[PDB]
Amino acid sequence: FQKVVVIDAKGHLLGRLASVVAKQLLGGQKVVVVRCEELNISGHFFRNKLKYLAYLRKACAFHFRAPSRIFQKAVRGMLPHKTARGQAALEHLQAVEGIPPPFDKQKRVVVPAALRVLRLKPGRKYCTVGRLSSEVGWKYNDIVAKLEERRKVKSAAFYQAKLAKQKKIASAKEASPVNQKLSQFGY
Amino acid sequence: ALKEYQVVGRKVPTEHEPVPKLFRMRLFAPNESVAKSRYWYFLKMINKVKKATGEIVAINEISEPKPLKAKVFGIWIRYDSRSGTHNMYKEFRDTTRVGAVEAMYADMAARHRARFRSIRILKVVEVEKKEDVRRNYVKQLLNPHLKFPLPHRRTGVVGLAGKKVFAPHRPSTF
Amino acid sequence: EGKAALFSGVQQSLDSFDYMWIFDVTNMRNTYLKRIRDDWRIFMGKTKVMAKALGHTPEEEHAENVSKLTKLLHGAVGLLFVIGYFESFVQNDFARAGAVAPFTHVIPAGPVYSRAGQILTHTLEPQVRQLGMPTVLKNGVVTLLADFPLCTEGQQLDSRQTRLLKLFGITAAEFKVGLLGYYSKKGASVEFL
Amino acid sequence: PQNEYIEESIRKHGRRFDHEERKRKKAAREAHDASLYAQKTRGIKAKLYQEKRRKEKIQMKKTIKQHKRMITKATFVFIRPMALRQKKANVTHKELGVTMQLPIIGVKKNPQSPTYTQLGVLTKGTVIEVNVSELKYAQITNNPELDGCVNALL
Amino acid sequence: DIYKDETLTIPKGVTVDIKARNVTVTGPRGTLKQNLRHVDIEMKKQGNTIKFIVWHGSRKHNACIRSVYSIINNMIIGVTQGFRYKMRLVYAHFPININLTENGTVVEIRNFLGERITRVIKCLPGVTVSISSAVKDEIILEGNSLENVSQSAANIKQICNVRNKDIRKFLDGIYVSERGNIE
RNA sequence: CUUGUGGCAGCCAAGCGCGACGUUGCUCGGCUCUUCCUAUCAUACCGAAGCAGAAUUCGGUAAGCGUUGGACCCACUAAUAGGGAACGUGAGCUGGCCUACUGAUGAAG
RNA sequence: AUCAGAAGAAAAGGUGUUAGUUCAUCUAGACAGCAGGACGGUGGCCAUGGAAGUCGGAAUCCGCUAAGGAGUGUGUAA
């Protein structure tokens, strides 16, 4: 249980990821979510749209539309946000668009209990939050996609340098004569 | 967990009826006591022998003779519904006679929302001949060249940890 | 029930007097079959049903050496109760699909001729839609934009080729019969020539 | 234009080139369209779909098988309204099986109450005498207050 | 049922790769690539056989097999010898002016029933339009994929429509004549 | 709760003595206003209809935008649609403190 | 499930799905598919400008066969 953790949200389910996240926040862990666009919802795309046009129809509220603001709404329903226990738990949850620089250099963990592939029967209809919100009033679908591609270029380039580096240590690992004693201890 | 129960009993002998006949039943029940209750229900609705004039001579439990041998079971049942009468005959392939009935209770209450009291078991028989089998999926399961990937690939190996919140890598699941 | 009646009729046909004919039907219409049967009973029912009813084994079969003749016996053939007419007289009939066109018949452009120029009535208004060829029904008359060859020599009779030939006068067919052998009561020599 | 003016244009110019396969295509895919009708629509027009579907279903099954102090009730002559007053009844003869509008000569007895019988109020089951010369007491087999007509059986 | 197998005999082509649910099929005519992530299916390429297998699938997923098989047949025939869609023009009173631009990729139609609209159609990529001089008003639609050529034919048909009139009196328009391979 | 299908008497009558659909029988009240609903008056786009065209009728989506001036009427207009706010708005209208909303400043990281 | 799910309309409708029940054929070749035949008295008789099976009125008969319905629609004035 690190003080700060980063949850990649690509392929996670909005409802089942939030329930896991909401509990961790109440435990005191500073959870930061990234790539909130690629979240998923069970049900075909047009269905999740209509359940969202009901939200916009509900009016005096502030129908926040960005995918991070959709997820933050999901968590705010599983916290006691009226009390100062949840009001101080909401502020630890930082949900962002894509991966800002101060987090793209950090290891991103995934929740096994809320991934789309492990939780949906094959062939089931589902929608992507990023695409959905971009058809509800979001206006930054294209820019985040371009920025994500650029980071992918740098991250992939970073791996190739690291891949060769570990290959050198991979090639020099067997030179140690203690490998036999390593085998005897199973290490 | 059900058990096979061979239940044999007769009515109380009297001067009018000195030698009652020994009836026999192969009925299923989670315990010995439930077997008696189902016995009296099965017989009284049919043969009209009163509870208070009846005694039970022997309750025995029948372990599966050849549990390791795969078998196909034919199960005649009578559905009770809004109408209350349906001659339904289901077939299940498994290893234990009790296990087949368990699934039959599983399917009857799932596919058709039946209730244990409502459903009365008519007869459970073995189907030793593939020709005697009547179900295409069982017929296909009985083919010489059975082969299929393990379905529900995620259900295999699942996650395999105690409380694995925040796995550090994506699961292959393949 | 009908199959049993056909088998019974086949057995009676096998029990006929003589002439051991083997011919029931062909690509020719029922009128041609009736005309052929007029100079005589032709009946086949289901193909190979009579052979199956008779039995491949000689013991089951009423005839002799029917095991080899059963494989030879195929198509629309049947007994009857002649040789020169079958060998020589072959009534012409319109061709059907599956055969090869003897030549390359074509349809002239513009106004069409029902007799391929041997007359060309233009009253066949429903034929314009029923044709499907590149023809335009202008001023109440079908006009062909370009000439269309109905078929070609050495080419299989296509569905469109067969459809055009049905309306046209293309009798590129000749009836044939099979009399290789005779199932004589005494001789019992069904030659395979 | 004159007479069947569109029937010589078809005669002289020809038919819409693609009408027949379009109508054949429409006559085919309508089977899927009919089912999609019942799975989407709601309301009265869906309700009108229901019994009209069953009507042709049962009819099809038949052919293939063959293959203030005032009177609140109608009275006969409190306050009795003239509109509520009725003098003609479409009494249907039982044996004859012919329904005829006969004048209400009089009311024999009203089972509701003797006061209603005195007032000559027409009610269901009341006995009324009607002339049968053109063809006697008769019992009202309906409620004229709701049906709007004096329906009775001889 | 637990298994549902479909087999395909590969014609000449060049390559029929199923790399990552993406048939980048290359034939003698050319190369075409389509996605296959629309359905979850096992597609094995071996020898001269392509196996499409459904495991423990519902009838909804079972219906996708023949559709995919019909789909996979379309481009493999297209990449081998191509596909040609013959187009015929019928006009009642006003002759229709047809022009071809960028070697026919874009078709503009003019003088439609007195109307004065230069209806422009940018036909979808992979299909080009040509005017046949052998027969007048004959338009050839060449491509390597039926769904693209037919959709362009459907598009040119719907933009070639009549408004608020009687269909059985007006006959001008554009309509499908017939299909076929290039060779 | 309420909406678009009269009743009675028979003949049938799939079926379960009833018996559906069929069939016979003649027979308190209104001005302004604010919104909201669609069950659409017009306008938008479609379908069908003997739809030449013009003009017309029915039907489908459609509540975005409108839906009058004068004592049942008489003209314009594209039409002059129907309603609800259960004692519509009689504590807007007549006859037989605080909280809203609108505005105006405002100390503060 | 394009407003899923967590007695009132209620009778039924659904080319939605999974189970079953009762009947049918089926290597005498099941269904579908294409390939062809789908006849001749006869254009039966009234009915009519024109009705040849297909506007219409009672049957609606026969020879051939494995099968051609005085015809199931399309269609034509026919």
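Values in this text are rule-based calculations from the coordinates and carry no lab data. Reconstructed Cβ throughout: ideal geometry from the backbone, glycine too, with neighbour counts over all protein chains shown.
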Against the empirical 2.2 N^0.38 Å scaling, what ratio does the C-alpha Rg of the protein assembly as shown come to? 1.48
Per residue, what volume in Å³ does the Cα convex hull of the stretch A:98-141 take up? 106 Å³
Per the helix-only calculation at 222 nm, which mean residue ellipticity applies to chain C, given -39500 (n - 2.57) for every DSSP H run of n ≥ 4 and division by its residues, nearest 500 deg cm²/dmol? -8000 deg cm²/dmol
With +1 on the Cβ of every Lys and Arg and -1 on the Cβ of every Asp and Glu, the dipole magnitude of the protein assembly as shown about its Cα centre, in debye rounded to the nearest 20, is 5980 debye
Highest-first arrangement of A:156-166, A:82-92, C:129-139, A:9-19, where packing means the average Cβ count within 10 Å: A:9-19, C:129-139, A:82-92, A:156-166
How many Cβ atoms of partner chains, on average, are near each residue of A:119-126 if near means within 10 Å of its Cβ? 3
Checking the table D:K23/D:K57; A:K152/E:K33; C:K71/C:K185; D:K40/D:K61; D:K68/D:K136; A:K51/D:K55 against a 29 Å threshold on Cα-Cα, which pairs fail? D:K68/D:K136; A:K51/D:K55
Fewest first, what order do B:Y39, C:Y19 take by the number of other Cβ atoms within 10 Å? C:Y19, B:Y39
12 Å beta-carbon shell around A:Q2, net charge (K/R +1, D/E -1): +3
Between E:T15 and E:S130, what is the label-point separation in nm under the 7 Å Cα-to-beta-carbon projection? 2.8 nm
Toward the positive end of the charge dipole of the stretch E:115-177, about the Cα centre and with charges on Cβ (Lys, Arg +1; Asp, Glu -1), which of E:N148, E:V135, E:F170 goes farthest? E:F170
Computed curve, the stretch D:32-154, Cα-only Debye sum without solvent term, log₁₀ I(q)/I(0) at 0.12, 0.18, 0.19, 0.20 Å⁻¹, is -0.62, -0.84, -0.90, -0.98
Springs between alpha-carbon pairs under 10 angstrom, Gaussian network model over chain E: which of E:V23, E:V162, E:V107 fluctuates most? E:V162
Please give the net charge around D:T117, taking every other residue with its beta carbon less than 15 angstrom from that of D:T117, where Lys and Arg add +1 and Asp and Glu add -1. +4
Counting other chain Cβ atoms within 10 Å of each Cβ in D:10-23 and taking the mean gives 5
Sort B:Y89, C:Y182, B:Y5 so the one with the fewest other Cβ atoms within 10 Å of its own Cβ comes first. B:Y89, C:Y182, B:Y5
Among D:53-61, B:123-131, C:9-17, what's the highest-first ranking by average C-beta atoms within 10 angstrom per residue? C:9-17, B:123-131, D:53-61
For the stretch C:34-135, report the convex hull volume of the alpha-carbon atoms normalised per residue, in Å³, without decimals. 214 Å³
Using the Kirkwood radius over Cα pairs of the stretch C:99-167, the Stokes-Einstein translational diffusion coefficient at 20 °C and 1.002 mPa s, in µm²/s and rounded to a whole number, is 170 µm²/s
In deg cm²/dmol, rounded to 500, what helix-only [θ] at 222 nm does chain B give when every DSSP H run of at least 4 residues adds -39500 (n - 2.57) and the total is split over its residues? -6500 deg cm²/dmol
Flagged as over-length at 32 Å C-alpha distance, from A:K125/B:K69; B:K71/C:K52; B:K123/D:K62; B:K139/D:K52; D:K25/E:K165, the pairs are A:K125/B:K69; B:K71/C:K52; B:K123/D:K62; B:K139/D:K52
As a test, work out the antiparallel percent of DSSP beta bridges whose residues both lie in the protein assembly as shown, rounded to the nearest 5. 90 percent
Rounded to the nearest 500, what is chain E's calculated 222 nm mean residue ellipticity when only DSSP H runs of at least 4 contribute -39500 (n - 2.57) each, over all residues? -6500 deg cm²/dmol
Using a simple charge model, +1 on the beta-carbon of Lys and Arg, -1 on the beta-carbon of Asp and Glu, nothing else, what dipole does the stretch B:30-174 show about its Cα centre, in debye to the nearest 20? 540 debye
Which residue, E:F112, E:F52, E:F170, has the most motion in a Gaussian network model of chain E that connects Cα atoms within less than 10 Å? E:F170
Area projected by the alpha carbon convex hull of chain C, averaged over all directions, nm²: 14.3 nm²
Below 22 Å, Cα to Cα, which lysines can C:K166 reach? Residues fewer than 8 away in the same chain don't count. C:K34, C:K176
Pick from B:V57, B:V101, B:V72 the residue whose mean-square fluctuation is largest in a GNM of chain B, springs joining Cα atoms under 10 Å. B:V57
Distance (nanometres) between label positions extended 7 Å along Cα→Cβ at D:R69 and E:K4: 8.4 nm
Treating only the Cα positions of the stretch A:142-187 as identical point scatterers, give the base-10 log of I(q)/I(0) from the Debye formula at each q in 0.24, 0.29, 0.32 Å⁻¹. -0.83, -0.94, -1.00
Share of alpha-carbon pairs per 5 Å distance bin for the stretch E:83-183, given as whole %: 2, 12, 24, 27, 18, 10, 5, 1, 0
If I take every Cα pair under 8 Å that is 6 or more residues apart in the stretch B:68-144, average their sequence separation and divide by the length, what percent do I get for the relative contact order? 37 percent
Fraction of alpha-carbon pairs over 14 Å apart in the stretch B:124-168 - percent: 68 percent
Among all the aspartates and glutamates, which ones have a C-alpha under 13 Å from B:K130's C-alpha, if same-chain residues fewer than 8 places away are not counted? B:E91
Could you work out, residue by residue across B:165-174, how many beta carbons of other chains sit within 10 Å of that residue's beta carbon, and then give the average as an integer? 5
Just to confirm a number: summing +1 for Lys and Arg and -1 for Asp and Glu over residues other than E:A134 whose beta-carbon lies under 12 angstrom from that of E:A134, what do you get? -1
Please give the per residue volume of the convex hull enclosing the alpha carbon atoms of chain B, rounded to a whole number of Å³. 199 Å³
